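Single chain ahead, written as C-alpha cells, the form solved without the DNA.
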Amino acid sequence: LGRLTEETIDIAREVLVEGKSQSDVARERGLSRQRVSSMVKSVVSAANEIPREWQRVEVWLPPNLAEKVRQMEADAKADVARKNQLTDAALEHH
C-alpha cells in the first residue's frame, strides 16, 4: 500500500479480501499463473516494511537458543530503519 500500479492493487485485493483461489483469477483476466503469484507477493512484503529478498523460516529448538533467534530478527529490523533515513538526508543538499 504505497507506490504501485493500479492493476497490482486490483488483482491482489480480490484474493486476500473475499477469498478466491489464484487459479480461477488467471483465466478471467487472461494472465499466466507465474505472474499473478508475483503480484500478491509484493503487497504482503510492503505491509511488513521489509525488502523483497528476505525469506521465511520455521523450526523446533531448545529454550535458550529459542530466545537468541527471537532477538536476531528484532535488531536486524531496526537497522534498515536507521540506515535508510541517513541516505535521504545526504540527497537534500548539505
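Numbering starts at 1 and runs along the sequence shown.
Chemist: So 1-9 or 83-91, which one's hotter by mean CA B-factor in the entry?
Modeler: Looking at the record's C-alpha B-factors, the answer is 1-9.
Chemist: Is the mean CA B factor in the deposited entry higher across 55-63 or across 29-37?
Modeler: It is 29-37 that shows the higher mean C-alpha B-factor.
One more form of this protein should be noted, the form solved in complex with the DNA, which is absent from this view; the next part is about it.
Chemist: Would residue 50 sit within 4.5 Å of the DNA in the deposited complex, counting heavy atoms only?
Modeler: No, residue 50 sits far enough from the DNA in the deposited complex that none of its heavy atoms falls within 4.5 Å.
Chemist: In the deposited complex, is there a heavy atom of the DNA that lies within 4.5 Å of any heavy atom of residue 33, even though the partner is absent here?
Modeler: Answer yes; at least one heavy atom of residue 33 falls within 4.5 Å of the DNA in the deposited complex.
Chemist: Contact with the DNA in the deposited complex for residue 27, defined as at least one heavy atom pair within 4.5 Å: yes or no?
Modeler: Yes, contact at 4.5 Å.
Chemist: Does the DNA come within 4.5 Å of any heavy atom of residue 23 in the deposited complex?
Modeler: Because a heavy atom of residue 23 falls inside 4.5 Å of the DNA in the deposited complex, the answer is yes.
Chemist: Where, within 1-22, is there a heavy atom within 4.5 Å of the DNA in the deposited complex? Residue list please.
Modeler: Sequence-ordered list: 2, 3, 4, 5, 8, 21, 22.
Chemist: Could you check whether residue 14 sits in the same rigid part as residue 40 when the chain is split into two bodies between the shown form and the other one?
Modeler: Rigid-part assignment between the shown form and the other one: residue 40 and residue 14 share a part.
Chemist: Would one find the Cα atoms of residue 81 and residue 42 closer or farther in the deposited complex than in this form, where their distance changes by 3 Å or more?
Modeler: Compared with this form, residue 81 and residue 42 lie closer in the deposited complex.
Chemist: Classify the change in Cα distance between residue 56 and residue 25 in the deposited complex as closer or farther, relative to the shown form (magnitude of 3 Å or more).
Modeler: Here the pair is closer than in the deposited complex; there, farther apart.
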